[PDB]
Ligand SMILES: *CC(=O)c1ccc2cc(N(C)C)ccc2c1
Ligand SMILES: OC[C@H]1O[C@@H](O)[C@H](O)[C@@H](O)[C@@H]1O
Ligand SMILES: [Ca+2]
Ligand SMILES: [Cl-]
Ligand SMILES: [Cl-]
Ligand SMILES: [K+]
C-alpha cells in the first residue's frame, strides 16, 4: 500500500486524558497510516515549530490538539497555504476560525453536557443526604477547581455544573474557585490551602476533570476525610484512576469522556483527508455537525454503573 503520513501534535504528553487519546489513535492507525506524533509540552511556540516541520515534511494530513486553541487560526492559514488538510481535536478552535477553510474539522464533545451531568450527580446526592448540609443553612457551600483559563471545557463545565445544581432547586454558595490547569498536584495544593482557610465549611467539591478531583481527594485524605468524615467530590473523564476512586468511595461521580471514539473519529477524518477524500458520516462512521464537527457523547458514571466506564 501507499504510505500515508499524518502529523499529530498533542498539547502535552503528561496529560492523563490525552495519553488515552493518543494511545487510542496509535491503535486505530496500526496498519493504515503512519502517525508522526509529537509532544508540544504545553507550549504553543513549540507546537508552531512542530506544525511548520510537518508542513516542510509534506504530511498528507494534520491532527492537531492545539496548546492555545486561539492559535488554530494561524495553523489553518499555514495548512491552507500548504494544501494540507487539518483536523483539530479536544481543544476547540474558535467558530469563525473554523470557517477559514473547507478542509478543516474538529473532534470533541459538548462540554455543556458534561457540566450538566456533573451537576446532576451532585444535586442528586445533596437531595438524598440531609447530613451533607453541615452548617444547616439550606445552602450548598462548594469549591470549584477549574481547568486552564480559556479552555472551552473549563469555561463550560464550570458554568453548567453549578447552573444545573441551581436548576435542581438547590441554593449554592461558592466559597472559592481557582484554576488548577487540569493538573493533579496543582489541585492538591489549591485544595490544601482552602482546607486550612475554610475547613469544615466546605460541603462539596467540583473539579473540571478527574486528575484535579484526585488531587483534591488527596488533600482531603491528608486532612482526615474518607476515614471514619465524608465530602462529595465530582470530576470528569472516567480515567483509570478516576474509576478507581469511584470504587474506593472517595469520588462520588464522574462523566465518561469517550477517548476511544474521539480518537477513532479524529483518525478516520485525518485518514480520509490524507487520501484526498471528503469526510462523510458513511466514510468516518460518525455524525458530522455544522459540516465540520464530530461530537462524541458524554455519559454519567457513579458507583451504580461503574462498568459503563470499563
Ligand atoms: C481523555 C479522557 O478523558 C479519558 C477518559 C477515560 C480514560 C480511561 C482510560 N483507561 C480506563 C485505561 C485511559 C484513558 C482515558 C482518557
Ligand atoms: O485538553 C486537555 C483536557 O481535556 C479535557 O477534555 C479533559 O477532561 C481533561 O482531563 C484534559 O486535561
Ligand atoms: Ca450549608
Ligand atoms: Cl497529590
Ligand atoms: Cl460515539
Ligand atoms: K468517610
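Across the range 23-63, what fraction of all alpha-carbon pairs, as a whole percent, falls in each successive 10 Å bin from zero upward?
It works out to 26, 48, 25, 0, in whole percents.
Would you mind computing, in nm to one decimal, how far apart the modelled labels at residue 197 and residue 13 are, each placed 7 Å from Cα along Cα→Cβ?
3.6 nm
Assuming a ≥ b ≥ c are the square roots of the Cα gyration tensor eigenvalues, decide whether the range 195-244 counts as rounded (a/c under 1.5), prolate (otherwise, with a/b larger than b/c) or oblate. Please list the in-between numbers first.
Values: a/c = 2.21, a/b = 1.66, b/c = 1.33.
It comes out prolate by the Cα gyration axes.
Taking 22 Å as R0, compute the FRET efficiency from the Cβ-Cβ separation of residue 34 and residue 275 and round it to 0.05. Walk me through the numbers on the way to the answer.
Values: r = 14 Å, r/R0 = 0.61.
Calculated value: 0.95.
Taking 2.2 N^0.38 Å as the expected size of a compact globular protein, what ratio does the Cα radius of gyration of the range 169-223 give against it, to two decimals? Before the final figure, lay out each step's value.
Working: Rg = 10.9 Å, N = 55, 2.2 N^0.38 = 10.1 Å.
Ratio of Cα Rg to 2.2 N^0.38 Å: 1.08.
Out of every Cα pair in the range 1-126, what percent are spaced more than 23 Å from each other? Can you show the working numbers first?
Details: 2731 of 7875 pairs.
The calculated P(r) of the range 1-126 puts 35 percent of pairs beyond 23 Å.
Work out the FRET efficiency for residue 171 and residue 27 from their Cβ-Cβ distance, taking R0 = 45 Å, and round it to the nearest 0.05.
Calculated transfer efficiency: 0.45.
I want to verify the translational diffusion coefficient of the chain in µm²/s; compute it with Stokes-Einstein, Rh as the Kirkwood radius over Cα pairs, at 20 °C and 1.002 mPa s.
Numbers: Rh = 20.1 Å.
Estimated via Stokes-Einstein, D reaches 106 µm²/s.
Could you compute the FRET efficiency for residue 303 and residue 41, with r as their C-beta to C-beta distance and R0 at 41 Å, rounded to 0.05? Let's see the in-between values first.
Working: r = 36 Å, r/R0 = 0.89.
Approximately 0.65, to the nearest 0.05.
Which whole-number value in Å³ per residue fits the convex hull of the alpha carbons of the range 42-199?
Value for the range 42-199: 121 Å³ per residue.
Report Rg (one decimal) and Dmax (nearest whole number) for the range 267-310, counting Cα atoms only, units Å.
Radius of gyration, then largest Cα-Cα span, for the range 267-310: 14.9, 45 Å.
Would you order 151, 136 from fewest to most other beta-carbon atoms within 10 Å of each residue's own beta-carbon? Present the calculation step by step, with values, prior to reporting the outcome.
Numbers: 151 22, 136 8.
Least crowded to most crowded, the residues run 136, 151.
Considering only C-alpha atoms, what is the centroid distance from the range 1-67 to the range 195-241, in Å?
Between the Cα centres of the range 1-67 and the range 195-241 lies a distance of 34 Å.
When Rg is the radius of gyration of the Cα atoms in the range 221-310 and Rh is its Kirkwood radius, what does Rg/Rh come to? Display every interim value, and only then the final one.
Values: Rg = 18.3 Å, Rh = 15.3 Å.
Rg/Rh for the range 221-310 comes to 1.19.
Among 40, 222, which comes first, second and so on when ranked by fewest other beta-carbon atoms within 10 Å? Can you show the working numbers first?
On the way: 40 23, 222 12.
Going from least to most buried by this count: 222, 40.
Ratio of the range 151-249's C-alpha Rg to 2.2 N^0.38 Å, to two decimals?
Numbers: Rg = 13.1 Å, N = 99, 2.2 N^0.38 = 12.6 Å.
That works out to 1.04 for the range 151-249.
Using ideal geometry, Cβ is built from the backbone for each residue, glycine included, and neighbour counts are taken over all protein chains shown. Read-outs: derived from the displayed coordinates by stated rules, not from any lab.
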